[PDB]
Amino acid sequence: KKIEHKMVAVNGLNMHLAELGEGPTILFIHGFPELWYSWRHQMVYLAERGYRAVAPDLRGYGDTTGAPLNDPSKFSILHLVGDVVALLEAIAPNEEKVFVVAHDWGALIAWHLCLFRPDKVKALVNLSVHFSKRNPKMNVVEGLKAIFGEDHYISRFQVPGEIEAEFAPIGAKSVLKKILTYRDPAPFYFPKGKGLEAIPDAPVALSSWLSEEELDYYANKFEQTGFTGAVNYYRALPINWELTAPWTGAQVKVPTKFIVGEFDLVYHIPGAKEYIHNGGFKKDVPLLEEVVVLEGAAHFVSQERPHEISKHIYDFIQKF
């Protein structure tokens, strides 16, 4: 069978769901600036081994409609987890708990899904983004701006319309190619009026995992939707910080496997490596397995290392 596509009405949205396979449900959750399509390899691998792979486009992404692009406050972590809980109730009505696999912004959603509703998740595979322990002093935007300055991507993303206008003459294809093929451990910089000039290029042979046809899929979709929906997630970071105060000191009680690429910029945020490897991560996530670091890999591991990611998912969920 080929990948099936449907629309599901959830939490004020009409959500696009891609689906492949039969058996126990695995929910895949993409990140920025990606789509359901990022899971193409894993959907096939897991479906051929007796699982039902389900991959939505998130709020403000791809074929999912209903989100007010003009109101970034509606892209809060609470709205996002609300979407996922409602989705699961609709598409998995006979499984109290399901498997969850997620990456980047999807991983951040998955952490909070597990904090808010651990009764819904049997086991979790998170990629790239480690558990974000709430800093009582300041929000993520302010914290990263203090370290990396005004041109840091999360800071430049803040005012609605600004980064959109920067990307406009460049076009979705060039923006996406530059982002998807990025390999340097430093964060993205978007100096005003400089477009993509501040982002270094890696040797071309290192991005052979991304075909022109695959690039075109992302490009065509984001040229239709624009980038506002996706970028609004970062614009909600300040309110996310306020809204998540009730979960200070709370633990994720779901069995978890964490995987990250050696050169992933998120992995190189100051303090991240120490948090992940020296005990802090295990304290917040007591059922965390041994952390997996993919040698020679960068941020987009599901596409860059599809066999390794697929096998790591299969081997982990087989334990249950």
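Position 1 is the first residue in the sequence shown; the rest follow in order.
Remark: stretch with higher mean C-alpha B factor among 55-63 and 249-257 is 249-257. Stretch comparison (28-36 versus 46-54) by mean CA B-factor in the PDB entry places 46-54 on top. When the C-alpha B factors of 202, 77, 231, 125 are read from the deposited coordinates, the top value falls at 202.
Residues shown: 103, 177, 192, 152. Highest C-alpha temperature factor in the entry: 192. Ranked by C-alpha B-factor against the other modelled residues of its chain, residue 295 falls in the middle third. In this PDB entry, the Cα temperature factor of residue 162 sits in the middle third of its chain's modelled residues. Among the modelled residues of its chain, residue 15 has a C-alpha B-factor that falls in the middle third according to the deposited record. Among all modelled residues in its chain, residue 242 ranks in the middle third by Cα B-factor. When the modelled residues of the chain are ordered by their C-alpha B factor, residue 181 lands in the lowest third.
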